[PDB]
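Beneath this line is the structure, given in structure tokens, with notes to follow.
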Amino acid sequence: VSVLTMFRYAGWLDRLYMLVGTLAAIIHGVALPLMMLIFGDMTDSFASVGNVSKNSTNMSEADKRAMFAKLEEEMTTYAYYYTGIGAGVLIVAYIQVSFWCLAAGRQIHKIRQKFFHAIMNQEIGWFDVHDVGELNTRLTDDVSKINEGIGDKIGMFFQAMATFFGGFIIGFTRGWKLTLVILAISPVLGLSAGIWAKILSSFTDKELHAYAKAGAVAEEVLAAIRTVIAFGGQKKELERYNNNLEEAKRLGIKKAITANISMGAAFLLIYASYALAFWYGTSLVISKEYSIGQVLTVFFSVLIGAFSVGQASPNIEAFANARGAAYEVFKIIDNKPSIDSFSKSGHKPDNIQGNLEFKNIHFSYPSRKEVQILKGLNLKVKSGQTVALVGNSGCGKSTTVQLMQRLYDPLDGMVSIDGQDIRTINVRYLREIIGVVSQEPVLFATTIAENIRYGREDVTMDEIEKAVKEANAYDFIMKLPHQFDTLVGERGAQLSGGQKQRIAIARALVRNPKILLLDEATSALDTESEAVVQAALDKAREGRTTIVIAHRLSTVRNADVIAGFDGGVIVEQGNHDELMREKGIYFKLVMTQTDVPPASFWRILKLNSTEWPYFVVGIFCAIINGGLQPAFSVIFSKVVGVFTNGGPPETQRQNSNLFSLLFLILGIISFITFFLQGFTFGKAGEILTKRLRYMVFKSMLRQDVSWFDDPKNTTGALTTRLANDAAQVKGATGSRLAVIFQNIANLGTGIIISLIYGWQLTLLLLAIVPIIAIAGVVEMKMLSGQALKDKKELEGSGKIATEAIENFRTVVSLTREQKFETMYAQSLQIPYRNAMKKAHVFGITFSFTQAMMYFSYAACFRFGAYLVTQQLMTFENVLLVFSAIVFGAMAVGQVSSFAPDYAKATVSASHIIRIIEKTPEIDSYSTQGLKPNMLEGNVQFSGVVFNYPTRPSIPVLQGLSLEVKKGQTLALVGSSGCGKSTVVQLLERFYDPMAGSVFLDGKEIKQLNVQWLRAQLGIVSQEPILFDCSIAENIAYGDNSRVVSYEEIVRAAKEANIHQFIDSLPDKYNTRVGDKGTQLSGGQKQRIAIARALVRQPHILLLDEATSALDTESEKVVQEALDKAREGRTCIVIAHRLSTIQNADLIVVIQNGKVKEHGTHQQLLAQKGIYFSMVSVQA
Ligand SMILES: CC(C)(C)c1cc(C(C)(C)C)c(NC(=O)c2c[nH]c3ccccc3c2=O)cc1O
């Protein structure tokens, strides 16, 4: 059978009306050629009347009476014919929509009904085969996609074929010669599109690869930002970013030639094939057979059929997606095992049920998503035993609990029963005989008594009132309004843990159960209600058949037999007194267990007025490219005019002359004007996309502060804004020239053409164009005004579906199943009533959308008839009104297509505005006099408080003052690593101190030029920023006030010990490492990071964190570089593993932002405070 035979399944009239709607769609397709036919039929008659009026004419007014009487007699019969086709399309439109909404709805209601019930009759396999929430959500929307998968798309497919083949049958019958040419050009247009797609593709690939390099050049440089600021490499990296965008600017400009030429060639094939068909068509009259006038309008109906099949393709593509998501997951609705638990079957266990014995279990994990981790379990319980399990071990004991039901059934080992087996028996009785107590009861609610009744659906209030007492739930059912029928939200969203627990114990007791079973049930309770719950779980046991598991060895002694499970298998089996007399494994266990929505405006115009290269000739080009399109209709009007009303004189020469004019004027100009319009806005966008990207990336690379402290930013996410905004703003250029073009193809030429209308054709144009624009703008609202309300009826009906399965301990009561289906039988009924209603609404609006075609033709006939005919009827300008209506329909589509490409581009403008206005924290200041006498300085700190760029991370530095002298070490340690690290990272200016300040001596580092500061500061990175440059550059990523030379790369290699690598390899300083450093271990990377500080002679030096992940060589040969990098130069080092850096002339202990001890290392080893207490725990 077909896949669609399973979608359109069951029912009677539910299937039969699909045939009625299919027949309506066929007739609605055949009506479109018949509307073309009559305008042709009039053209045969008018080509006779009009030419006889120039050829053996009855004077020049008796023809205007005798011939015109027959024309208005005929037009009075035509007034029946086109009105009958009009009445037809109004009816079949509503019958087609009645199929789409009401016949589909007659299946889709029962499909949704049996879908919610199919989760319930999936019984066990719903737990294994994907997961709750999403499996319910995708299925809930995919059974909505089935509506299109059986609906309108199938109608549109048959309707377009009926227009196509119906038009072709008439076009063969009246003149197959031209109808064969319409077949022959279709593969040529398809081949042209088959070139256009390759031209669009294999230029964009290279534009993407050119940009991908500019992306990677931004990403690593922004991640490394404060280090690239400290080296000075911005003078290299800003041009690496620029030139990869110059390559993209060499590529996009060539696509802006080739794609525009390939579209112009497709337009040229259209103008040329139409012109050749017209000239061949009149040659098949004034020489030859199989033409007249009407045949041309018949051949145009075949082209309307090809357009109708084009309009069907997006509906067939939507139908392919409606096959898509729905038909595969339809197997989880049915073709699943579907019976697995025996949900409404089985004979009763009238051996009372109780006498279980598990044997040689090796079973699966629950849901089979994890492997069978359990190996070895055997376990007894018999009628008149509390068996208590000891040796608790999580999932490896919880499997034994979930195996107590038709939810998991053993395969790896067995259960044994003293009678008929528990896998075979009555599943409702099996749910209700046991009180199955989990610490968390995941349960749907509405009242407390209804939640208790979700244990067993047959109850009396006399059972309920005892159940709330003996579960000890009575305290809150006395405090709450309406008591046991007190109102509560879904999942119990107004109840604490111990309250839900005592309600779930009442939900057990109301069964009159014989057995108690406990999923570790003392765990996760509140310590008030844990005791009140234990007293309820003791009250729930009349000296009777129980299987208890708990973290408290109280309920384990409130019992009859211990069963011990150190790992797996039963190791001990005796009384709690016995295993404490004889002091076994139970006694061993007793000894341990007792985006920017404010879219911008105005400023955008002055910004683009600063960005753009003023190619204003593209505006003139868009105007003339628009005005050329109605000139096709002017020359075609002149062909119809001379052919209907010239008489025979010169006709073959007039047709040949107008053919030559038509072919040349459209083929030459339209190609050039589309090409030059596309190539002008393309080149404007090539400047804009490059110029914006350079300015915003340069702005980012001059503001880390107030943008990397943003928890709402991510480096790659900013690189997506660099991707998207610079492309969206490019689309926001060419679309505006397309809006200029369509205005001139429409009213900007159409009103000038109306200066030669006899007012009747102006009334015709004005009666149609705004009304068809209003119709589509209403049709929009009619559709969307259902869909939002349909979604909210479905959403409310979805909450009560997910609440039926996430609340999985409702499958452990199983009698609420058909009560949920009873809720769904009313809930699915409100959107189905909405669907029955909208079948009329869409019926009348889609019917009115046909009525405008009858009205258009009927007005065009009845505004020429009699009143213009008496003058001689206008053999011109009638065609121009229809072309202006087509340019009006084109205009509405062109303008509404670019509406989101206003809105998105105004959001991209808000993103661009934030980043061009910058953060003023890392710029070229000059209030502090830059003095050379203090490159090493005497760095003063005073009153200092600091909180990290992660802004919630507390003011961790708190009132500090310190100094470090010219050439001195200042080693820092402190109670949580923040007391040391913040002092380096504020001197980096990677954030400002919120109070206090820091000074080079008597002049402020908050006010010193950040690039002068970053000329004297060296900084050691935990990770070297790395593209595959030479080793020389992979030390020296630029310099802020120096010149890199042989001597500095010698010092930086030798002092940092990294010359171990550089003097060894091929090429020495020239050689390679790959992006991120393919052969660079931690020890090499930190020795490179030391070299990067040293290669500019750093008069002040900063060692951020004195080990990364280092040990052995990789640590001690790094310390052998740390000691060589400090001393004689003003060096701050934040001590980590104190068995790296303890060598310093001064150390300071910064406890929670204040000094607690200080001195040289040996003076602090004497101080028996914090420092010696931090040494005396490292070793
Ligand atoms: C916005 C909305 C409601 C989806 C809508 C819009 C239009 C436009 C804007 C193109 C008139 C249309 N129009 C069309 O699809 C068509 C417009 N002009 C034609 C001219 C000749 C042959 C077919 C069409 C056509 O299908 C239909 C709509 O349903």
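Every chain in the structure tokens has a letter given in the order shown (A, B, ...), and although residue numbers restart at 1 in each chain, ligands are simply numbered from 1 in the order shown.
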Would you mind listing the residues within 6 Å of ligand 1, counting only C-alpha atoms and all ligand atoms, as a PyMOL selection string?
-> chain A and resi 776+779-780+889+892-893
Can you check which residues of region 980-1146 of chain A DSSP gives as strand (DSSP E or B) on the backbone and send them as a ChimeraX atom specification?
-> /A:995-999,1004,1017-1020,1100-1103,1130-1134
Using C-alpha atoms, can you write the selected residues to a file as a PDB file, in the first residue's frame?
```
ATOM      1  CA  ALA A 995      37.846  51.873  44.786  1.00  0.00           C
ATOM      2  CA  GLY A 996      41.471  52.887  45.414  1.00  0.00           C
ATOM      3  CA  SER A 997      44.041  53.158  42.585  1.00  0.00           C
ATOM      4  CA  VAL A 998      47.524  52.182  41.275  1.00  0.00           C
ATOM      5  CA  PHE A 999      50.425  54.462  40.208  1.00  0.00           C
ATOM      6  CA  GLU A1004      48.194  57.200  37.835  1.00  0.00           C
ATOM      7  CA  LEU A1017      54.633  45.564  31.071  1.00  0.00           C
ATOM      8  CA  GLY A1018      55.619  42.032  30.059  1.00  0.00           C
ATOM      9  CA  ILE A1019      52.894  39.379  30.680  1.00  0.00           C
ATOM     10  CA  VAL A1020      53.281  35.567  30.784  1.00  0.00           C
ATOM     11  CA  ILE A1100      57.945  45.592  34.626  1.00  0.00           C
ATOM     12  CA  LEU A1101      57.050  41.845  34.422  1.00  0.00           C
ATOM     13  CA  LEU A1102      53.856  39.907  35.316  1.00  0.00           C
ATOM     14  CA  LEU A1103      53.815  36.099  35.913  1.00  0.00           C
ATOM     15  CA  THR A1130      60.162  45.018  38.522  1.00  0.00           C
ATOM     16  CA  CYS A1131      58.494  41.569  38.730  1.00  0.00           C
ATOM     17  CA  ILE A1132      55.078  40.535  40.181  1.00  0.00           C
ATOM     18  CA  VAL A1133      54.545  36.734  40.500  1.00  0.00           C
ATOM     19  CA  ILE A1134      51.406  34.983  41.834  1.00  0.00           C
TER      20      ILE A1134
END
```
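Closest approach to residue 88 (chain A) among A:260, A:850, A:1071, A:645 is made by A:850 (distances from only C-alpha atoms).
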Have a look at A:1069, A:189, A:322, A:63 and name the one nearest to residue 263 (chain A); count only C-alpha atoms.
-> A:189
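Note that the spacing between CA of residue 1059 (chain A) and CA of residue 1011 (chain A) amounts to 29.0 Å.
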Contacts of residue 1114 (chain A) at 9 Å or less, counting only C-alpha atoms, minus same-chain residues fewer than 2 places along, as a PyMOL selection string?
-> chain A and resi 1081-1084+1086+1109-1112+1116-1119
Those same residues - C-alpha atoms - I'd like them written as a compact mmCIF listing (two decimals), in the first residue's frame.
```txt
# COMPACT_ATOMS: atom_id res chain seq x y z
CA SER A 1081 53.69 20.46 25.36
CA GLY A 1082 52.96 22.59 28.51
CA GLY A 1083 56.68 23.02 29.46
CA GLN A 1084 57.49 24.31 25.92
CA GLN A 1086 55.16 28.26 29.25
CA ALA A 1109 49.21 21.58 34.63
CA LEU A 1110 52.99 20.99 34.98
CA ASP A 1111 55.07 18.34 36.77
CA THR A 1112 58.64 16.80 36.52
CA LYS A 1116 61.14 22.32 37.23
CA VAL A 1117 62.63 23.47 33.85
CA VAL A 1118 59.76 26.05 33.79
CA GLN A 1119 60.86 27.27 37.31
```
To test your reading of the structure, identify every residue in region 184-400 of chain A that backbone DSSP assigns to alpha helix (DSSP H), and report it as an mmCIF file with C-alpha atoms, in the first residue's frame.
```
data_model
loop_
_atom_site.group_PDB
_atom_site.id
_atom_site.type_symbol
_atom_site.label_atom_id
_atom_site.label_comp_id
_atom_site.auth_asym_id
_atom_site.auth_seq_id
_atom_site.Cartn_x
_atom_site.Cartn_y
_atom_site.Cartn_z
ATOM 1 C CA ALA A 184 10.778 22.547 -26.518
ATOM 2 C CA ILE A 185 11.765 25.763 -24.584
ATOM 3 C CA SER A 186 11.067 24.206 -21.111
ATOM 4 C CA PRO A 187 14.283 22.009 -21.058
ATOM 5 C CA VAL A 188 16.303 25.083 -22.284
ATOM 6 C CA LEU A 189 15.009 27.251 -19.383
ATOM 7 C CA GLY A 190 15.671 24.297 -16.986
ATOM 8 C CA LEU A 191 19.245 23.969 -18.394
ATOM 9 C CA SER A 192 19.765 27.769 -17.921
ATOM 10 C CA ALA A 193 18.658 27.468 -14.241
ATOM 11 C CA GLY A 194 20.987 24.393 -14.056
ATOM 12 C CA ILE A 195 23.907 26.745 -15.026
ATOM 13 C CA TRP A 196 22.712 29.619 -12.725
ATOM 14 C CA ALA A 197 22.770 27.257 -9.682
ATOM 15 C CA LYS A 198 26.450 26.269 -10.423
ATOM 16 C CA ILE A 199 27.427 29.961 -10.966
ATOM 17 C CA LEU A 200 25.756 30.914 -7.627
ATOM 18 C CA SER A 201 27.342 27.894 -5.828
ATOM 19 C CA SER A 202 31.023 27.772 -6.970
ATOM 20 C CA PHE A 203 31.713 31.473 -6.401
ATOM 21 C CA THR A 204 30.065 31.575 -2.906
ATOM 22 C CA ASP A 205 32.243 28.589 -1.789
ATOM 23 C CA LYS A 206 35.422 30.726 -2.282
ATOM 24 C CA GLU A 207 33.805 33.817 -0.648
ATOM 25 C CA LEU A 208 33.068 31.568 2.399
ATOM 26 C CA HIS A 209 36.658 30.128 2.507
ATOM 27 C CA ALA A 210 38.075 33.692 2.192
ATOM 28 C CA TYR A 211 35.853 34.802 5.140
ATOM 29 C CA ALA A 212 36.540 31.626 7.249
ATOM 30 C CA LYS A 213 40.236 32.688 7.490
ATOM 31 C CA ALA A 214 39.140 36.211 8.605
ATOM 32 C CA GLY A 215 36.883 34.478 11.224
ATOM 33 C CA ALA A 216 39.754 32.346 12.654
ATOM 34 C CA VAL A 217 42.051 35.462 12.587
ATOM 35 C CA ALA A 218 39.418 37.255 14.749
ATOM 36 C CA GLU A 219 38.494 34.329 17.090
ATOM 37 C CA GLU A 220 41.958 33.417 18.543
ATOM 38 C CA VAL A 221 42.988 37.151 18.651
ATOM 39 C CA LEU A 222 39.823 38.109 20.620
ATOM 40 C CA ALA A 223 40.258 35.081 22.968
ATOM 41 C CA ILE A 225 42.922 39.990 23.600
ATOM 42 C CA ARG A 226 44.878 41.353 26.665
ATOM 43 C CA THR A 227 48.041 39.465 25.532
ATOM 44 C CA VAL A 228 47.800 40.825 21.914
ATOM 45 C CA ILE A 229 47.309 44.292 23.538
ATOM 46 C CA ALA A 230 50.440 43.637 25.728
ATOM 47 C CA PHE A 231 52.714 42.418 22.873
ATOM 48 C CA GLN A 234 47.315 44.446 16.701
ATOM 49 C CA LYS A 235 49.497 46.196 14.007
ATOM 50 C CA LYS A 236 49.823 42.718 12.283
ATOM 51 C CA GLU A 237 46.442 41.108 13.164
ATOM 52 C CA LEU A 238 44.285 44.068 11.974
ATOM 53 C CA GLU A 239 45.779 43.663 8.445
ATOM 54 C CA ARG A 240 45.541 39.799 8.483
ATOM 55 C CA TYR A 241 41.792 40.405 9.124
ATOM 56 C CA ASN A 242 41.589 43.126 6.393
ATOM 57 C CA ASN A 243 43.278 41.206 3.522
ATOM 58 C CA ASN A 244 41.274 37.933 3.915
ATOM 59 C CA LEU A 245 38.208 40.256 3.552
ATOM 60 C CA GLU A 246 39.920 41.848 0.462
ATOM 61 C CA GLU A 247 39.997 38.320 -1.138
ATOM 62 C CA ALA A 248 36.229 37.961 -0.477
ATOM 63 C CA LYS A 249 35.869 41.469 -2.088
ATOM 64 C CA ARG A 250 37.782 40.102 -5.206
ATOM 65 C CA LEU A 251 35.271 37.162 -5.349
ATOM 66 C CA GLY A 252 31.772 38.617 -4.569
ATOM 67 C CA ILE A 253 32.280 41.316 -7.272
ATOM 68 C CA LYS A 254 32.765 38.497 -9.883
ATOM 69 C CA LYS A 255 29.550 36.712 -8.725
ATOM 70 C CA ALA A 256 27.891 40.169 -9.117
ATOM 71 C CA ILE A 257 28.893 39.858 -12.835
ATOM 72 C CA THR A 258 28.177 36.157 -13.560
ATOM 73 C CA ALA A 259 24.929 35.535 -11.591
ATOM 74 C CA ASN A 260 23.337 38.746 -13.016
ATOM 75 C CA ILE A 261 24.360 37.761 -16.610
ATOM 76 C CA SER A 262 22.900 34.242 -16.020
ATOM 77 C CA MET A 263 19.530 35.774 -14.908
ATOM 78 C CA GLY A 264 19.555 38.274 -17.843
ATOM 79 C CA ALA A 265 20.070 35.299 -20.233
ATOM 80 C CA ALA A 266 16.975 33.530 -18.744
ATOM 81 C CA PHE A 267 14.914 36.753 -19.278
ATOM 82 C CA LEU A 268 16.291 37.025 -22.879
ATOM 83 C CA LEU A 269 15.058 33.435 -23.613
ATOM 84 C CA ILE A 270 11.543 34.488 -22.397
ATOM 85 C CA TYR A 271 11.364 37.697 -24.545
ATOM 86 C CA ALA A 272 12.851 35.897 -27.614
ATOM 87 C CA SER A 273 10.539 32.812 -27.411
ATOM 88 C CA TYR A 274 7.408 35.024 -26.976
ATOM 89 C CA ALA A 275 8.424 37.283 -29.933
ATOM 90 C CA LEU A 276 9.134 34.246 -32.209
ATOM 91 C CA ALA A 277 5.797 32.615 -31.188
ATOM 92 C CA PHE A 278 3.856 35.847 -32.057
ATOM 93 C CA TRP A 279 5.546 36.301 -35.497
ATOM 94 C CA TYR A 280 5.129 32.592 -36.381
ATOM 95 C CA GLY A 281 1.491 32.881 -35.098
ATOM 96 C CA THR A 282 0.433 35.704 -37.528
ATOM 97 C CA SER A 283 2.406 34.007 -40.370
ATOM 98 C CA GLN A 294 -7.971 33.169 -30.139
ATOM 99 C CA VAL A 295 -5.208 30.552 -30.619
ATOM 100 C CA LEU A 296 -2.643 33.044 -29.169
ATOM 101 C CA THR A 297 -4.679 33.366 -25.907
ATOM 102 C CA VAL A 298 -5.053 29.527 -25.920
ATOM 103 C CA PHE A 299 -1.210 29.167 -26.177
ATOM 104 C CA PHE A 300 -0.913 31.731 -23.322
ATOM 105 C CA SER A 301 -3.233 29.441 -21.234
ATOM 106 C CA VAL A 302 -0.558 26.670 -21.661
ATOM 107 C CA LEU A 303 2.106 29.104 -20.296
ATOM 108 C CA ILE A 304 -0.300 29.891 -17.374
ATOM 109 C CA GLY A 305 -0.439 26.054 -16.898
ATOM 110 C CA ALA A 306 3.401 25.910 -16.732
ATOM 111 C CA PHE A 307 3.297 28.827 -14.198
ATOM 112 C CA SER A 308 0.569 26.926 -12.205
ATOM 113 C CA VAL A 309 2.893 23.831 -12.044
ATOM 114 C CA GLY A 310 5.710 26.197 -10.894
ATOM 115 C CA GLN A 311 3.359 27.483 -8.100
ATOM 116 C CA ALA A 312 2.651 23.784 -7.197
ATOM 117 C CA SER A 313 6.407 22.967 -6.656
ATOM 118 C CA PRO A 314 6.693 24.739 -3.194
ATOM 119 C CA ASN A 315 3.461 22.909 -2.179
ATOM 120 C CA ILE A 316 4.976 19.539 -3.328
ATOM 121 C CA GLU A 317 8.188 20.498 -1.386
ATOM 122 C CA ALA A 318 6.023 21.243 1.722
ATOM 123 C CA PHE A 319 4.278 17.850 1.131
ATOM 124 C CA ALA A 320 7.746 16.146 0.957
ATOM 125 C CA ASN A 321 8.523 17.667 4.414
ATOM 126 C CA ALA A 322 5.040 16.440 5.589
ATOM 127 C CA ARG A 323 6.054 12.883 4.442
ATOM 128 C CA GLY A 324 9.300 13.713 6.306
ATOM 129 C CA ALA A 325 8.995 14.267 10.051
ATOM 130 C CA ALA A 326 5.604 12.474 10.447
ATOM 131 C CA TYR A 327 5.757 9.089 8.602
ATOM 132 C CA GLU A 328 8.902 7.709 10.353
ATOM 133 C CA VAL A 329 7.745 8.481 13.973
ATOM 134 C CA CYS A 395 20.632 1.342 40.515
ATOM 135 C CA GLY A 396 21.946 -2.238 41.225
ATOM 136 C CA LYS A 397 19.193 -2.605 43.930
ATOM 137 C CA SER A 398 16.531 -0.262 42.390
ATOM 138 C CA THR A 399 16.341 -2.685 39.368
ATOM 139 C CA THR A 400 14.985 -5.335 41.829
#
```
Got a sec: who's within 8 Å of residue 333 (chain A), counting only C-alpha atoms, leaving out chain neighbours fewer than 6 positions off, as JSON, numbers by chain?
-> {"A": [114, 115, 118, 119]}
Export of prior selection with C-alpha atoms as a tab-separated table (two decimals), in the first residue's frame:
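As a result, out11.tsv now contains:
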```tsv
chain	number	residue	atom	x	y	z
A	114	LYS	CA	-5.48	7.25	19.25
A	115	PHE	CA	-2.01	8.97	19.45
A	118	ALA	CA	-1.03	4.94	21.74
A	119	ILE	CA	1.51	6.22	24.34
```
Exercise: residue 703 (chain A) partners within 8 Å, only C-alpha atoms, chain neighbours under 6 positions left out, as a PDB file with C-alpha atoms, in the first residue's frame:
```pdb
ATOM      1  CA  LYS A 918      33.070  51.345  22.135  1.00  0.00           C
ATOM      2  CA  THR A 919      34.299  51.256  25.780  1.00  0.00           C
ATOM      3  CA  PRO A 920      36.658  54.208  26.696  1.00  0.00           C
ATOM      4  CA  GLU A 921      38.983  52.100  29.017  1.00  0.00           C
ATOM      5  CA  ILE A 922      41.856  50.978  26.655  1.00  0.00           C
TER       6      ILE A 922
END
```
Leaving out residue 496 (chain A) and any residue of its chain fewer than 5 positions from it, which residues lie within 12 Å of it when counting only C-alpha atoms, given as a CSV table (one decimal) with N, CA, C and O atoms, in the first residue's frame?
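Listed below is the output, out16.csv:
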```
chain,number,residue,atom,x,y,z
A,440,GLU,N,10.2,10.3,46.2
A,440,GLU,CA,9.5,11.3,45.3
A,440,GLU,C,8.3,10.6,44.6
A,440,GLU,O,8.5,9.8,43.7
A,441,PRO,N,7.0,11.0,44.9
A,441,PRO,CA,5.9,10.6,44.1
A,441,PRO,C,5.6,11.6,43.0
A,441,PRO,O,4.8,12.6,43.2
A,473,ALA,N,-1.4,12.2,56.8
A,473,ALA,CA,-1.6,13.4,56.0
A,473,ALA,C,-2.6,14.4,56.6
A,473,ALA,O,-2.8,15.5,56.0
A,476,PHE,N,-2.4,18.8,57.1
A,476,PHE,CA,-2.7,19.8,56.0
A,476,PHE,C,-4.1,19.7,55.5
A,476,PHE,O,-4.6,20.7,55.2
A,491,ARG,N,1.1,18.5,38.7
A,491,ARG,CA,2.2,17.9,39.4
A,491,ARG,C,2.3,18.1,40.9
A,491,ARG,O,3.2,17.8,41.6
A,501,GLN,N,4.5,13.0,49.8
A,501,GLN,CA,4.7,11.6,50.3
A,501,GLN,C,3.5,11.1,51.1
A,501,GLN,O,3.0,10.0,50.7
A,502,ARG,N,3.0,11.8,52.1
A,502,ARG,CA,1.8,11.4,52.9
A,502,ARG,C,0.6,11.3,52.0
A,502,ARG,O,-0.3,10.4,52.2
A,503,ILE,N,0.4,12.2,51.0
A,503,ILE,CA,-0.7,12.0,50.0
A,503,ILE,C,-0.5,10.7,49.2
A,503,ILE,O,-1.4,10.0,48.9
A,524,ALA,N,15.7,11.4,50.9
A,524,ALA,CA,15.2,12.6,50.3
A,524,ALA,C,14.0,13.3,50.9
A,524,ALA,O,13.5,14.3,50.4
A,525,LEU,N,13.4,12.8,52.1
A,525,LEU,CA,12.4,13.4,52.9
A,525,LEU,C,12.9,14.6,53.7
A,525,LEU,O,14.1,14.6,54.1
A,526,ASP,N,12.1,15.6,54.0
A,526,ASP,CA,12.4,16.6,55.0
A,526,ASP,C,12.4,15.9,56.4
A,526,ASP,O,11.6,15.1,56.8
A,528,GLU,N,11.5,16.7,59.4
A,528,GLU,CA,10.3,16.7,60.1
A,528,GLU,C,9.4,15.6,59.7
A,528,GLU,O,9.0,14.7,60.5
A,529,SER,N,9.0,15.6,58.4
A,529,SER,CA,8.1,14.6,57.9
A,529,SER,C,8.7,13.2,57.7
A,529,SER,O,7.9,12.3,57.5
```
